[PDB]
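In: experimental structure and sequence below.
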2 protein chains.
Amino acid sequence: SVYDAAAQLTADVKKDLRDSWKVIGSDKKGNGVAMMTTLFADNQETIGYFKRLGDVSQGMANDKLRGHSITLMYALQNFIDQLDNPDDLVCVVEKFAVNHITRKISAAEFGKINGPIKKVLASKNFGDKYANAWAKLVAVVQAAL
Amino acid sequence: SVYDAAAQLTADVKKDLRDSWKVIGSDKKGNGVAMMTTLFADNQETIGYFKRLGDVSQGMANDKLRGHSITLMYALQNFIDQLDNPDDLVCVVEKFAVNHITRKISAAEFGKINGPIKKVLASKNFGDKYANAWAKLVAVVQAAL
Ligand code: HEM
Ligand code: HEM
């Protein structure tokens, strides 16, 4: 249940999400592309889904990948801004869930983003505590897939 | 080209866009839904395109419409944040252009959003000068359709 999952976002989890987002959200282009390239490097089997983006190995030089990556960060910004109201968080989560359901992305495969997030956070000196907080937010989307 | 349309946006236009966005972008849920409901009220012929959202006459109560409306405002937030780097603005614009090209939305049809934007701006006392500024930003997307 997406609603039960959303209920897991306690006061402490919400603060950790906001505190870490202040840092990684300040450079959407840089961190967005970093998240994507890490996903492709650590999980080669997912590259097939991103056929439209072309040669993703080009990274920042790939205009489609850069546009996609920046936009992905605004999806996260959206989630963060909705933390105060669970009903609004749920409706935006289900909107993006549909974007992935149509792409045939399962909850299990969506969860492969946790690795990349953990690594990007770690590069900015945010440890497991923060990685786990983000895993709970990702879990809300997983519940809708 | 899209780059040409983007590179054209002058300092004064960007100033008006950012000044007005500070206000209408401060209540994404409220103004986003207002924009969509106005589009449906003034251009009833577009309702059919949004059948995935269900009964759009439900307004704020429609969770799918609310989720869509909030997300649409983040696309605009994205545009506004990229104003000073045409290269980044172009790649995000082309990303969203694809979202509409796949739905068979022509440049002319996409321009129907200007009416609703003008009205929402006016509700906050931003006159024609501001509506014209926004029409220029919308024109950047039209250059990609
Ligand atoms: C934090 C997690 C993630 C977020 C916030 C997210 C967000 C997004 C957004 C906003 C889009 C664009 C939707 C559209 O315009 O159609 C997108 C597209 C896509 N996402 Fe994700 N995504 C995430 C994780 C993943 C993962 C882990 C996979 C794959 C294993 C995935 C696969 C896709 C695919 C295939 C597309 C379509 C790309 C295209 O052809 O343009 N996403 N995602
Ligand atoms: C300020 C201008 C506009 C912006 C920034 C915008 C933004 C968006 C965004 C972000 C999406 C979601 C893309 C996806 O997840 O697939 C969307 C979907 C859509 N847009 Fe727009 N849009 C605008 C104007 C229009 C206009 C004027 C029309 C039609 C005359 C239109 C028709 C559509 C349709 C049919 C969808 C699909 C809705 C669905 O089934 O979920 N858009 N738009």
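Out: Received, thanks. Numbers count the residues shown, from 1 in each chain, chains lettered A, B, ... in the order given. Ligands and ions are numbered 1, 2, ... in the order given.
In: can you tell if the helix or strand where residue A:110 lies touches ligand 1?
Out: Per DSSP states H and E: residue A:110 is located in helix A:107-110. Yes - Helix A:107-110 lies within reach of ligand 1 by C-beta under 6 Å from any ligand atom, at A:109-110. Placement of C-beta: from N, CA and C, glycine included.
In: hmm, who's touching that helix?
Out: A:46, A:100, A:138, A:141-143, A:145 (C-beta atoms under 8 Å, 6 or more residues apart in numbering or on different chains).
In: figure out how far the next helix or strand after that helix is from the centre of its chain.
Out: Going down the chain from helix A:107-110, the next helix or strand is helix A:114-122, by DSSP H and E. A distance of 10 Å separates the centroid of the chain from that of helix A:114-122, by C-alpha atoms, centre = their mean, to the nearest Å.
In: what of stretch A:132-145?
Out: Relative to where its chain is centred, stretch A:132-145 has its mean C-alpha point 9 Å off (C-alpha atoms, centre = their mean).
In: just the helices in chain A please.
Out: In chain A, the helices defined using DSSP state H lie at A:2-6, A:11-24, A:28-42, A:63-81, A:86-101, A:107-110, A:114-122, A:128-142.
In: compute the inter-axis angle for the longest one and helix A:28-42.
Out: When axes from the mean of the first three to the mean of the last three C-alpha atoms, to 10 degrees is applied, the directions of helix A:63-81 and helix A:28-42 differ by 110 degrees.
In: does ligand 2 sit close to helix A:63-81?
Out: No - under the criterion of C-beta under 6 Å from any ligand atom, ligand 2 is not reached by helix A:63-81; the shortest gap measures 8.6 Å.
In: that helix near ligand 1 at all?
Out: Yes - contact of helix A:63-81 with ligand 1 (C-beta under 6 Å from any ligand atom) involves A:68, A:71-72, A:75-76.
In: of those, just say which sits nearest to residue A:42.
Out: Comparing those against residue A:42 with C-beta to C-beta places residue A:72 closest, at 16.5 Å.
In: now the closest one. Nearest residue, chain neighbours left out?
Out: Leaving aside its chain neighbours, residue A:72 sits nearest to residue A:32 (5.6 Å; criterion: C-beta to C-beta, 6 or more residues apart in numbering or on different chains).
In: buried ones in the helix holding residue A:110?
Out: A:109-110 (16 or more other C-beta atoms under 10 Å in any protein chain shown).
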